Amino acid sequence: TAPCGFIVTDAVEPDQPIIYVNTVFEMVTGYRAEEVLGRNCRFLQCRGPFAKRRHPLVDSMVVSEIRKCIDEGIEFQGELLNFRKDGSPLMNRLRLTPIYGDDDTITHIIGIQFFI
């Protein structure tokens, strides 16, 4: 199976909703595709589906760089704490890469998750 989680967001809709996750994402995070479709990926920074705030131990500096990289259309790589649906911790080595469309808009961002 894939060595990594794969995520595709729609870069044209507001706030990068997920339109696809692969089976490694589902297996490792314990969320199912149907639960996460249309949501922003940031719920992974909250400890389980009932925590309403980002966890203190997710590095706000990395989050902030992710936001910037997305805003500016440029690739990203870094590591931040995430959580499985059962609230258990995940170290997510994350790479984001924009997909440019026919001309010359970003249509998609791809996320690649190496859990380490």
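From 1 onward, residues are counted along the sequence shown.
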**Average Cα temperature factor in the PDB entry - higher stretch of 9-17, 102-110** = 102-110
**Complete:** Higher avg CA temperature factor (70-78 vs 22-30, as deposited) belongs to 70-78
**Asked** Among 55, 52, 84, 42, which residue carries the highest C-alpha B-factor recorded in the PDB entry?
**Response** 52
**Message:** Taking only the Cα B-factors deposited for this chain, tell me whether residue 59 sits in the lowest, middle or highest third.
**Reply:** middle
**Asked** By the record's CA B-factor, is residue 90 among the lowest, middle or highest third of residues in the chain?
**Response** highest
